[PDB]
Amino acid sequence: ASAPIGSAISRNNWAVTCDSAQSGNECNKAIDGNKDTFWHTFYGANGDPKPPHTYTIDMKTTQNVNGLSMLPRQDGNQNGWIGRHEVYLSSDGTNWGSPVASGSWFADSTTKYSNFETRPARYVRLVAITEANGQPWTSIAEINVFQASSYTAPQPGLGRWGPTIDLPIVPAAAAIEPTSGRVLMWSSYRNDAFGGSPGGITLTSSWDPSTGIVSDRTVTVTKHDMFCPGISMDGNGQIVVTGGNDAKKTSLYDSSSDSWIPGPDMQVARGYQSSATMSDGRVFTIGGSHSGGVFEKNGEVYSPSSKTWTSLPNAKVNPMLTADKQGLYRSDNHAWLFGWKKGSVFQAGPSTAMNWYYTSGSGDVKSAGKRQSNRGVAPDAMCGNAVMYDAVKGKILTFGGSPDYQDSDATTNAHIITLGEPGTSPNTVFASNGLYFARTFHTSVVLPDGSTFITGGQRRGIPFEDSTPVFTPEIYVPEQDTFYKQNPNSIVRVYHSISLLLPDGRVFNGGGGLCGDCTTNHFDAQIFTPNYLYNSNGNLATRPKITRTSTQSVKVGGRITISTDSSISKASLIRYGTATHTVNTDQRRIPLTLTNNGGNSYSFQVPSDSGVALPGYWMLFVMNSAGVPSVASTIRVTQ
């Protein structure tokens, strides 16, 4: 199921307006309180007008609206079930403006919701852009509008959340399609659950920021239920999805052809393992005792070229196990892995013990000591996040998480780890004074500017329960060694939520739930707009534009020349991310050293070490002096 974020508004006083209504299926049937009556557009004898169909409400008075519920027709007929939709709010009934929510609802008869941030409005409009089976009609049994108890306007300078993207599924795994810029999400065998899966099928969905279209598709070709997997963008730009509900499979998503392809079977059955692209475009994986068995799952490496999985038995999982109360089932999951120099992989936690994984020979592991600082040794941080905000200086920021996967309190620990040469004990220090808010199951992304956006989670980890939520996000400014709160959101984002950086510099935050029947499913995502895109007056700043690229495919050590429309102060390369279960081994940022060629022409070299400039797709962003970034340019980096 799902739930609204506010309380239902009384329908005494409403005045409803519909585009069409068939006698018997009147406009008001949707607001009578009886699940048996339903509004229906013209049909048969009145003809068959196609969508968009519109349902407008006049509340008479101004409310702190925060949501809507759309219960479809419950008579077993599917006719009129809304697919594509849009929700608008008006204070006057004439000036609607931009939708507070839009997206697609799944083709079923469960109550559909639109949860969005609180906005005072007297009028509400729901536009049915599409019927779910491609029919001309729209039908609604009952319709409700929710309200917040109070209204507090976002503070200036702290970002803004909104709009809400409505999805057919709970996006528990996601990825950016590099060549298309679309956000790819998957659930499992069902749109809202994974439990007792027959395996072999995965429900996927995509959102296109350019066209605003949300679409879904069942993937059966790789005969893999992609829930709870390893995710890596390999050397060739393919997304490698391993195990999970089908513990030994490998599925490959090719962005170019926008197709799914079957890969070789892993050597070892795994679930909840982390996987990391290596300096040579290969994929390394270790642990994953959630699926395929609970035992010691040592390393394995995938070669895109030969299309084989090879076991690395001396790349031992043992030194990286946390001290989880549930033992091995949890202890080897979601390792904080980073591909580094010379086929090496660094493991930064969650265990207190950090390690060096080597991929030469039948593998190896070497200790890197302990995450610690002046305040002591850092405890296990299962579900803490790890972000490489400066791959050049080998900087990794670590935060939050808990000793045990669940039923454990989260912490505010935060650390800066600096990597050197593989085999060496990196330097770790505490980050400022820690997070403002203790959290676990939170997500994060490194922004164009090297700052890390931190959002969601709860203070005590209890999967599928939206208890002790943190709605106030935080941004860590590396240069200042300071954390800063941002405007809070209204949707709880705890277990199974995700975050990805969008090519326009905005953050896509969504998901949480995937517990079937529970009311904690969240079939959506919100957009967070960082203050870097707003000018002094709360308006959107003007963006520098990248008018030309010498090329869009470059070798490590290679050079790129660009022309801009305006003078730019800084530049950065951000590798395209993949996310699920708090793990994102794909994102990393490389700060660029720009050569001014005069005339708004600049050149830069892409780092020569492929362990720094890991092969795959990257977004190129340029910032003016004001700090406003351009929309990314996509650059393919080859080793």
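All residue numbers are counted from 1 along the displayed sequence.
Here 48-56 and 574-582 are compared by their mean Cα B-factor, and 48-56 comes out higher. Looking at 397-405 and 371-379 together, the entry lists the larger mean B-factor for 371-379, computed on C-alpha atoms.
Note on the listed residues 198, 271, 168, 281: the highest Cα temperature factor in the record is that of 198. In the deposited coordinates, the residue among 599, 67, 591, 611 with the greatest CA B-factor is 599. Compared with the other modelled residues of the chain, the Cα B-factor recorded for residue 217 ranks in the middle third. Compared with the other modelled residues of the chain, the Cα B-factor recorded for residue 258 ranks in the highest third. In the deposited entry, the Cα temperature factor of residue 615 places it in the lowest third of its chain's modelled residues.
Among all modelled residues in its chain, residue 564 ranks in the lowest third by Cα B-factor. Among the modelled residues of the chain, residue 205 sits in the lowest third by CA temperature factor in this PDB entry.
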